[PDB]
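These notes are about the structure you will find just below.
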Amino acid sequence: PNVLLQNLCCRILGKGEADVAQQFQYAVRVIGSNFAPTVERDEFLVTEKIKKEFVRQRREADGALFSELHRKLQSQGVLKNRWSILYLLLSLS
Amino acid sequence: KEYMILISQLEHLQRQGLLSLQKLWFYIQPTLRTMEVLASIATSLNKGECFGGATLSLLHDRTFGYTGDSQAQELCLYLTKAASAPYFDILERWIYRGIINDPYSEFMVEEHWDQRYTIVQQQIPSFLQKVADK
Amino acid sequence: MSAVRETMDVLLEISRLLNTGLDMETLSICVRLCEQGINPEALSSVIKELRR
């Protein structure tokens, strides 16, 4: 938990292990107050949102492909909290 | 289409969840309030009034009506700015080129010298008469 | 392990398509956190502040 959270600050900022302290406290607080998901778990809602977004930009070809790739992510059977990851990518577009 | 995505959330809850009378009421209620607003625009058209330009007028008055409750103000706002996109086409074809092309009549100003062009009171744009004679 | 590679590949490609600004190492980290049941909302919020 802690180590991963720290490594993230370290990596994106491109600064070393004890140089991330101030951000490290901000993330721990933001994470600490809203640690767990507050919204229902439902993969389907996110896939539809990601597909409306492509529709919205008329990048429909990238949308069609995105469905193939999402199906591929599911079929491999490796992840379990697929929704969260996809929601995190979508939020970051 | 955005409505229908809400109903499968309910199929997912029948997958994993349990019966609740209130999981229906308290999920449905943000969207049944959108439905009744959207049904009142639609029952005013079902009565056989209005034809095209004054639909837009009634719908504009209604966007001005809904001011107070800011949630469904946005819902009547999305109708009135996506609805007014074909109207503001022929607006711009008329104020910038002076050529009036309609498949039926969508825009009030009707063909048929100093050149006489009649207008109807069947159809009137969203903002009233002082801008319409200009 | 094989499966995991292929999975990281899909994830990297999805990332590229959605033009998010995530690379492989940041994304692996993001995935490991999400899998631990982390709130993605809160997490996105941190990530945007970290990119600023």
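Reconstructed Cβ throughout: ideal geometry from the backbone, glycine too, with neighbour counts over all protein chains shown. Values quoted throughout were computed directly from the atomic coordinates according to the rules given, and no laboratory measurement underlies them.
With viscosity set to 1.567 mPa s and temperature to 4 °C, compute the Stokes-Einstein D of chain C, Rh being the Kirkwood radius across alpha carbon pairs; µm²/s, no decimals. It diffuses with D of about 110 µm²/s by this estimate. For chain A, take the longest principal axis of its alpha carbons; what is the angle in degrees between that and the long axis of helix A:82-91, to the nearest 10 within 0 to 90? Around 80 degrees separate the two axes. For the pair A:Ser93 and A:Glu40, the difference between a 0.36 nm per residue extended length and the Cα-Cα distance amounts to 16.9 nm. Scaling the Cα radius of gyration of segment A:49-93 by the globular reference 2.2 N^0.38 Å produces a ratio of 1.19. The Kirkwood hydrodynamic radius of segment A:17-68, based on inverse pair distances between different Cα atoms, is 14.1 Å.
Which net charge results for the neighbourhood of A:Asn81, defined as the other residues with beta-carbon distances under 10 angstrom from its beta-carbon, given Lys and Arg at +1 and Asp and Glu at -1?
Around A:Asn81, the charge tally is +1.
With viscosity set to 1.306 mPa s and temperature to 10 °C, compute the Stokes-Einstein D of chain B, Rh being the Kirkwood radius across alpha carbon pairs; µm²/s, no decimals. Show your work: numbers first, answer last.
Numbers: Rh = 18.0 Å.
In µm²/s, the coefficient is 88.
Between C:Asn19 and B:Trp113, the C-beta separation translates, for a Förster distance of 45 Å, into a calculated FRET efficiency of about 0.20.
Label-to-label distance, B:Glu11 versus B:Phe127, with points set 7 angstrom from Cα along the beta-carbon direction: 4.6 nm.
Binning all Cα-Cα separations of the protein assembly as shown at 10 Å, short to long from zero, yields these whole-percent fractions: 5, 20, 22, 20, 16, 12, 5, 1, 0. Of the residues B:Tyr78, A:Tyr26, the one with the fewest other Cβ atoms within 10 Å heads the list, and the complete ranking is B:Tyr78, A:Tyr26. With all pairs of separate Cα atoms included, segment B:1-79 yields a Kirkwood hydrodynamic radius of 14.7 Å.
Of all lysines in the structure, the ones whose alpha carbon falls short of 27 Å from that of B:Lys81, not counting any fewer than 8 places away in one chain, are A:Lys49, A:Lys51, A:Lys52, B:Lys1, B:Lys47, B:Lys130, B:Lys134. Start at zero, step by 10 Å, and the Cα-Cα distances of chain A spread as 13, 35, 29, 22, 2 percent across the bins.
Rounded to the nearest 500, what is the 222 nm mean residue ellipticity of chain B from helices alone, with -39500 (n - 2.57) per DSSP H run of 4+ residues and division by all residues?
Working: 6 runs with 79 residues, N = 134.
Calculated from helices alone, the mean residue ellipticity at 222 nm is -18500 deg cm²/dmol.
For segment B:58-114, the fraction of C-alpha pairs more than 15 angstrom apart is 58%.
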